[PDB]
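The chain below stands alone and is given as structure tokens, in the form deposited in one PDB entry.
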């Protein structure tokens, strides 16, 4: 007998405002993994004991220590703008919070040092739709919905500033982590956590996305990202400069930087300089990083902006599967 009355919370660790990860258990007895809960991907994967560079520094799933394991073996490749992993399919029981689900997942045998050496987590729990799942593997949240345990077919994200690192709620939202009410925006289409964006303002003027654009709400992305063209105009308006990997401003100029507003649904979602500048110094002789970068996301998802951790820290986000919508409320 299953009742639709469960809301399960998962505590997240915040690593340097760029990586938010929690724990999942795989197998019998459970093998624990640190995972990023990512709305921009639809597959579950962890490094495998069968792995070979980055595998030496992470926890590895050993199917031979699990009584609940079911062999599959189908080859799996997950390719993204952030990185590419490869491996094979396996089935086992996955526990997330208090929910236990039989899940088809990827045992990763190919983990490149770039960017996986920089990862403090072991794997990724894809929070996206089946439409974007590689190998048409049923995503974890669809398997949780099938169970009929959830109070609501929603999941929410709280990302704290770098003390609770963050929290994911399965089956609802935590009113202790937001203020006021949620404002909802319907998805353009089911299959992707993406909504229409009406404009991007720098200061009081609509400088970008003037004829509208797309916004992927991506929990696994560290930063806000835009296309090369959009980011070039944004960075020139901020007076930011491209160093080796990131855009920087002179630390003394950081607090004076203009507000950046994203016009979504019938509301402006504003990030002040404090929300997007890693203000590690106030010195005129030091360089301060911006939590914004360019990413040319390929079709079908892109060209699109991606609202990552930079955005989520400011706005508590609810991903609603029953109504195909995303809700935002000011985080606390």
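Residue numbers count along the first chain shown, from 1. In this text, the rigid core denotes the largest set of C-alpha atoms whose superposition between the two forms falls within 1.5 Å.
There is another form of this protein, the form deposited in another entry, and it is not shown here; the text below is about that form.
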With the core superposed between the shown form and the other one, a CA shift of at least 2 Å among 180, 175, 212, 239 belongs only to 239
Would residue 324 count as moving between the shown form and the other one, using a Cα shift of 2 angstroms or more after superposing the core as the test? no
Rigid-core frame, C-alpha of residue 81, shift of 2 angstroms or more between the shown form and the other one: yes
Align both forms on the core first, then report whether residue 119 has a C-alpha shift of 2 Å or more between the shown form and the other one. yes
Indicate closer or farther: the Cα atoms of residue 81 and residue 321, in that other deposited form, relative to the displayed form, with a change of 3 Å or more. farther
Note whether the distance between the C-alpha atoms of residue 80 and residue 217 decreases (closer) or increases (farther) in that other deposited form, against the displayed form; the change is 3 Å or more. farther
